[PDB]
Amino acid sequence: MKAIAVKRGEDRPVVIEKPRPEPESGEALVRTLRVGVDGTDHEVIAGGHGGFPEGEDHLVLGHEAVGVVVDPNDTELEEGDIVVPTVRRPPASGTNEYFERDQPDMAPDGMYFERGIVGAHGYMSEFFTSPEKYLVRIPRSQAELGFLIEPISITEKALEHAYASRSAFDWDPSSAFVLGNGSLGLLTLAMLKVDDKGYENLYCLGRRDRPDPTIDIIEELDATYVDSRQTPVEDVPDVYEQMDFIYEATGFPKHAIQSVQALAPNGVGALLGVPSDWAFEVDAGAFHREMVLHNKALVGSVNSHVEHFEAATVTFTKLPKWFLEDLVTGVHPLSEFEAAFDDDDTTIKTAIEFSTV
């Protein structure tokens, strides 16, 4: 079968050939339909995040996948089921308490692999296998955009933890601010529009000149576009308003620290970005004082698990159809796979199509 991989020392994705895998007991064989590309994938290709499997000269890319079950083997899945795989798997040493208690998304560094990212091959191959417990059935009509279930699930987890942090008092937020206008930030903005908490005012930070299709999406959702070159995060309360909820999806470490100044009293910031190294002079006193005197919280979140994927299938149905059309700028057949890895301003969410249902 064909697969899309990065090779050691090499800089770009290439096609390689590999044998079709065979499922072990408890595993199904899945034929890949479509696999998305996100900012983490680009960082993996560049060497900034993740790592190769032990003793392999390559890493098959891709972690946002949807496929169709072609051999259920000895599992309770059925032929033709549409499934989305979870990303984390036990490391070489074997299972541990995080996997045993069904919370691998909470496992620390060195106690997991992530398929397509660290220590294990991803899903950009014509076929893959996985244990049934890590395959989430989704409605058949979500198959075409089913690679979106994974990134939606990321936000489902982050919101669960951020909201838990505010559960000891009566918190009623009215404003939310998403930092970043990438595919995660834009998806999250749309999710916040339909969130049960009832946000009245939505804002999204970016650094683009008009005309720009990410700006168009933000404004079409009735949110306010904030240009960080004009209005830095710490200045936002003066120009706009204090934000009850902040979701950081830039990977820029200054935003992690400055978010505390933009937060309203009793607010929470959720941090999702995978950051680069960075040092600067911070007013630590201002950070400290705001956290304490105004009962603020900062919560970091990574990965997600089955319950979050399930929740994502419900959230998907609530998202506007125009939005899903505008977000996905290109779905490319395997013959033109290279195009999926373009990263210009007019490219938002891309995917590669391996096959159709």
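In this text, rigid core is short for the largest set of C-alphas that superpose within 1.5 Å between two forms. In this text, residue numbers run from 1 along the sequence as written.
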Root mean square C-alpha distance from this form after a core fit in 4 other deposited structures of this protein: higher for 325-333 or for 33-41? 33-41
Could you tell me which of the two stretches, 268-276 or 101-109, has its Cα atoms lying farther from the shown structure in 4 other deposited structures of this protein after fitting on the rigid core? 268-276
Averaging the C-alpha B factors as listed in the entry, name the stretch that ends up higher: 276-284 or 255-263. 276-284
Quick one: say whether 17-25 or 344-352 has the higher mean Cα B-factor in the deposited entry. 17-25
Reading the B-factor column of the entry, which of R137, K157, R101, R115 has the highest value at its C-alpha atom? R101
Whose C-alpha has the highest temperature factor in the PDB entry: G269, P91, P151, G122? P91
Among all modelled residues of this chain, ranked by Cα B factor, put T129 in the bottom, middle or top third, i.e. lowest, middle or highest. middle
Chain-relative C-alpha B factor for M243 (record values, thirds): the lowest
Position of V70 among the chain's modelled residues by C-alpha B-factor, lowest, middle or highest third: highest
Divide the modelled residues of the chain into thirds by Cα B-factor and specify which third, lowest, middle or highest, holds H332. middle
Cα B factor band for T86 (lowest, middle or highest third within the chain): lowest
